[PDB]
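A.B. asks: Build the 3D model from these lines:
(7 chains, ligands or ions: 4)
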Amino acid sequence: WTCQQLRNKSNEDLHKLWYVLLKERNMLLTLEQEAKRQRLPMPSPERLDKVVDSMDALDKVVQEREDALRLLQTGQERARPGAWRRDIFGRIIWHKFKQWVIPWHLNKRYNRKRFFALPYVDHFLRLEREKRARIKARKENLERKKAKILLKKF
Amino acid sequence: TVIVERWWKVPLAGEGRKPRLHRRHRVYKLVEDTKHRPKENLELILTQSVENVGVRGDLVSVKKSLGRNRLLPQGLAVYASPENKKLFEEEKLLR
Amino acid sequence: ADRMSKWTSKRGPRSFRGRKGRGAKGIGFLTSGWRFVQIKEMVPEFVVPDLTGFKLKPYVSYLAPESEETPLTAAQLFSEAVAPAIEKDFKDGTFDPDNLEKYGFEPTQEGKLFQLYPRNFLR
Amino acid sequence: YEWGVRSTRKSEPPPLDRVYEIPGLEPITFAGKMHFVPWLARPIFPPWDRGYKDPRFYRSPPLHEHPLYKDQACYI
Amino acid sequence: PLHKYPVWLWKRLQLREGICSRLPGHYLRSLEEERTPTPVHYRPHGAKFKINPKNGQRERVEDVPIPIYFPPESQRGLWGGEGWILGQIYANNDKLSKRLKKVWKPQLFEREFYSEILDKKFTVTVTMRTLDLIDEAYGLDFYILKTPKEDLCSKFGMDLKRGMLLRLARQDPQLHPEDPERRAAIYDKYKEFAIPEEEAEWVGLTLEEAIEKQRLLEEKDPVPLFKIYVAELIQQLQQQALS
RNA sequence: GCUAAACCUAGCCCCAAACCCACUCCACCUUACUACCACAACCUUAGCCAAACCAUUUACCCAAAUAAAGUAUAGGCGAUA
RNA sequence: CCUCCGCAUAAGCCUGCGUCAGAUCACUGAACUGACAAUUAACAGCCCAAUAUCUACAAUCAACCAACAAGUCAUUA
Ligand SMILES: [Mg+2]
Ligand SMILES: [Mg+2]
Ligand SMILES: [Mg+2]
Ligand SMILES: [Mg+2]
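C.D. replies: Numbers count the residues shown, from 1 in each chain, chains lettered A, B, ... in the order given. Ligands and ions are numbered 1, 2, ... in the order given. See the structure here:
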């Protein structure tokens, strides 16, 4: 199935098709394993790939619909809430939130976490940056050098 | 406060340079301790007929102790600023 | 004296082997005398449709003609859901900048059973 | 001689930030980013109530608040 | 390899792209300025030049400050700029003797003050220097308002300043709600310090605090796209109608 | 005649130019990579070494290359700075 | 002919003499390589609503006797 084909299909019908694809997958997966056991070639192994792709497509189509509707209703790009935070290693991370019963200030385990970098980290950040730069610089050079030899041969 | 001077001279920096300092430049010599220098009086104007210091509108020099701890807290006296000094001359001239 | 292998529930002493698990989502809680209480509601329920008289099959005929790929966005969704209603009501005087909730918009997600952000449903 | 040594008891909470005293302004606290940082001020949180009842996490009334509480002491 | 900009510039350079870029102009300028504090622990050279008694040649001089350490307790009080001096000494004021580590700490006193603008009693840890500066300025309010950031050397000093300046800016009626004329008197006494409200918001704020404040102001719940598209659609329809 | 030998290209070095990456789903500060419950950071570098010992002392990045100039100056007035 | 060893749990280790095919002190094979299998909870781990309130008298066949170093185990509203 193509993504386009599935987009034309109804919302409810996609849900039904999805179980049709589920049962098909499981058949082919058991068939893979049985060939492996008998030490024999599979009949048509490529089928599995097709099936997988179809379901990937389906999931994507559905995902799109949800995403679209979120934008129209809340204007939120991400389904799950989160924040940019600064870990103890002084690097910037996208921290995903979890659900809790109690509010954050009352959470003992959560308060144990350090979402900030003390000063000693800054020097390491320097060294890290410098390292990244080196690797990059090396890459650039090799690109140029390669072009040069490719000019002398042609 | 404590006032110190260095044992070692620091080389000149020029106009737009911050001076270069050394491990030797950290050695100090004690000039003076400010707390040991003799006592001075604090100038005040009294707002009330306070005992054995004066009466309302009197320019009085009193110890920092008496001033900061008795006179100023209770509003018995005020700072002898130029702004309020003239004001106390004015109320006198109204007589 | 191994650091490189993945740490697992197989690996510790007795207490350790109890505490860690695989990924499985828990479905209840424990009470006195290590009695496990299952909650029916914590257990996911498979919402599985009726497949009778259904024409779609898991593979597609090659005889089908090809079409250009175009993904879904909010703009076009609004154009083919809300826009016709709005413009039709713009022709008369029924349309209103206030109470546009009639067209399907909601001010808040709080009351809803299926809340869009944050998401409160499985898949 | 009172019982329970000082070290064992719950520590007296640290003295309040001096910014709070000044009547003009409200402090900048780390309430906004939902975690502790050392440089911003400690927020004061309103006391929390779980709206719904949960049996496992239940707190009983104070002793005066119980319906059967009596000034006259019975001995059992 | 080489970094493009010297490493010492990075602090400055980072103020230009992020949340610090969209901070107010006046705050960034107050952050940038690098003026020296008044001497506290060293007698400065009076003149720009001085004759050497050694050779009898007139020579330039510079004033080199002693480095001052301020323990975090100093932020919770008003020290006139006195800090801990950590240095070395020679044993009997002879350079040929043993070198030793010395720390000079200022004497501290817990004292009570009344702020006229804030109409509040405070109890703070101070030095004799501070008490002397207050006397010369003719009141706590004057001392707080006159003294720049550098010389105050106190987060709490700056917070006092922020409050007072905010009160002057707002002409706050809660100074004396029951006595309006006394409020008028207190205001006109400190009228020369008065600055705009929106400028008074940011005085005496550290960069971390500042960026929290700015982040709080700029953060908003994002608008639903329903409103955007409905607004624009009726616009297209409006122009369509006027044809 | 065995064991061998032989190879050119992965890449790398120093410059110049230019201010850098922080990233599908899930998980990860508790025994990290584990869905799910009432403390807090800022605080003089020292020493080897040189002085033919060692004890005061002994260059170390601070924001324009050159020159002023190893000059003025400092220093167990010595090493040296 | 030998056995002061064995079987089990714990602690530690992590598929490390199961099956099949090639392959190489000793088999041209196996404790080698590759592919395929397997260890099923009743044992064991993983626990407990709150605030007050209670808890003087060992163990030793606990009986007689006998001590000293003075002791692992309870609630009620
Ligand atoms: Mg020059
Ligand atoms: Mg030597
Ligand atoms: Mg030698
Ligand atoms: Mg059991």
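A.B. asks: Chain E: helices as residue ranges?
C.D. replies: Secondary structure of chain E (DSSP state H): helices at E:10-13, E:25-32, E:128-137, E:140-146, E:149-152, E:155-170, E:180-189, E:197-200, E:207-218, E:225-241.
A.B. asks: typed the wrong thing, it's chain C
C.D. replies: Along chain C, counting by DSSP H, helices occupy C:14-19, C:74-79, C:83-91.
A.B. asks: Run the chain-centre distance for the first one.
C.D. replies: Pointing back at helix C:14-19 there. The chain centre lies 34 Å from the centre of helix C:14-19; the measure is Cα atoms, centre = their mean, to the nearest Å.
A.B. asks: Turn the helices of chain C into TSV, columns for distance to chain D and mean neighbour count.
C.D. replies: To be clear about C-beta, it is placed using only N, CA and C from the backbone, and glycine gets the same treatment. Formatted as TSV, the helices of chain C follow (distance: least, Cβ to the nearest Cβ, whole Å; neighbours: other Cβ atoms under 10 Å in any protein chain shown):
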stretch	distance to chain D	mean neighbour count
helix C:14-19	20	9
helix C:74-79	29	17
helix C:83-91	38	14
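A.B. asks: in chain B, which helix has the most residues?
C.D. replies: helix B:82-93.
A.B. asks: picking that back up, got the helices of chain C as a markdown table, with distance to RNA strand G columns?
C.D. replies: Below are the helices of chain C laid out as a markdown table (distance: least, Cβ to the nearest atom of the strand, whole Å):
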| stretch | distance to RNA strand G |
| --- | --- |
| helix C:14-19 | 2 |
| helix C:74-79 | 45 |
| helix C:83-91 | 53 |
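A.B. asks: These into a markdown table, with extra columns for distance to residue A:106?
C.D. replies: Below are the helices of chain C laid out as a markdown table (distance: least, Cβ to Cβ, whole Å):
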| stretch | distance to residue A:106 |
| --- | --- |
| helix C:14-19 | 24 |
| helix C:74-79 | 38 |
| helix C:83-91 | 46 |
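A.B. asks: Relative to residue D:27, which of these is closest?
C.D. replies: For residue D:27, the closest of those is helix C:74-79, at 40.5 Å, according to Cβ to Cβ.
A.B. asks: chain center to the closest one, what's the gap?
C.D. replies: 21 Å.
A.B. asks: could you say what helices and strands that helix packs with?
C.D. replies: In terms of contacts (3 or more Cβ pairs under 8 Å, 6 or more residues apart in numbering or on different chains; DSSP states H and E), helix C:74-79 is packed against helix A:46-73, helix E:225-241.
A.B. asks: at 10 Å instead, please
C.D. replies: If you count contacts as 3 or more Cβ pairs under 10 Å, 6 or more residues apart in numbering or on different chains; DSSP states H and E, helix C:74-79 packs onto helix A:46-73, helix C:83-91, helix E:225-241.
A.B. asks: could those go into a markdown table alongside distance to chain B?
C.D. replies: Listed next are the helices and strands packed on helix C:74-79 as a markdown table, based on distance: least, Cβ to the nearest Cβ, whole Å:
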| stretch | distance to chain B |
| --- | --- |
| helix A:46-73 | 55 |
| helix C:83-91 | 66 |
| helix E:225-241 | 54 |
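A.B. asks: between the ones you listed, which one is nearest to residue C:57?
C.D. replies: Across those, closest to residue C:57 is helix A:46-73 (Cβ to Cβ), at 10.8 Å.
A.B. asks: and the closest one, is it in reach of RNA strand F?
C.D. replies: No. Using Cβ under 7 Å from any atom of the strand, helix A:46-73 stays clear of RNA strand F, coming no nearer than 9.5 Å.
A.B. asks: sorry, back to before: buried sites along the longest helix of chain B?
C.D. replies: residue B:88 (16 or more other Cβ atoms under 10 Å in any protein chain shown).
A.B. asks: go on, stretch A:108-116?
C.D. replies: Neighbour counts over stretch A:108-116 (16+ other Cβ under 10 Å) mark A:115, A:116 as buried.
A.B. asks: for stretch A:119-137, same thing?
C.D. replies: By 16+ other Cβ under 10 Å, the buried positions in stretch A:119-137 come out as residue A:121.
A.B. asks: what sits up against it?
C.D. replies: Residues outside stretch A:119-137 that contact it (Cβ atoms under 10 Å, 6 or more residues apart in numbering or on different chains) are A:86, A:87, A:88, A:89, A:90, A:91, A:117, E:1, E:2, E:3, E:7, E:10.
A.B. asks: Residue A:82 contacts residue A:94, correct?
C.D. replies: Yes. The criterion here is Cβ atoms under 10 Å, and residue A:82 meets it with residue A:94 at 5.7 Å.
A.B. asks: Of these two, which one has the most company?
C.D. replies: residue A:82 (12 against 9; other Cβ atoms under 10 Å in any protein chain shown).
A.B. asks: can I get the helices of chain E in JSON lines with mean neighbour count and distance to chain D?
C.D. replies: Putting the helices of chain E into JSON lines (neighbours: other Cβ atoms under 10 Å in any protein chain shown; distance: least, Cβ to the nearest Cβ, whole Å) gives the following:
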{"stretch": "helix E:10-13", "mean neighbour count": "11", "distance to chain D": "16"}
{"stretch": "helix E:25-32", "mean neighbour count": "13", "distance to chain D": "14"}
{"stretch": "helix E:128-137", "mean neighbour count": "19", "distance to chain D": "16"}
{"stretch": "helix E:140-146", "mean neighbour count": "21", "distance to chain D": "11"}
{"stretch": "helix E:149-152", "mean neighbour count": "18", "distance to chain D": "14"}
{"stretch": "helix E:155-170", "mean neighbour count": "22", "distance to chain D": "3"}
{"stretch": "helix E:180-189", "mean neighbour count": "13", "distance to chain D": "14"}
{"stretch": "helix E:197-200", "mean neighbour count": "14", "distance to chain D": "10"}
{"stretch": "helix E:207-218", "mean neighbour count": "15", "distance to chain D": "4"}
{"stretch": "helix E:225-241", "mean neighbour count": "14", "distance to chain D": "26"}
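A.B. asks: Which among those is found nearest to residue D:24?
C.D. replies: Closest to residue D:24 of the helices of chain E, according to Cβ to Cβ: helix E:155-170, at 3.3 Å.
A.B. asks: The closest one vs chain A: in contact?
C.D. replies: No. Using Cβ under 10 Å from any Cβ of the partner chain, helix E:155-170 never reaches chain A; the gap is at least 18.0 Å.
A.B. asks: tell me the angle of that helix relative to helix E:180-189?
C.D. replies: Calculated by axes from the mean of the first three to the mean of the last three Cα atoms, to 10 degrees, helix E:155-170 forms an angle of 120 degrees with helix E:180-189.
A.B. asks: Quick one: list the elements packing against helix E:155-170.
C.D. replies: Counting contacts by 3+ Cβ pairs under 10 Å, 6+ apart, helix E:155-170 is packed against strand E:109-115, strand E:120-126, helix E:140-146, helix E:149-152, helix E:180-189, helix E:197-200.
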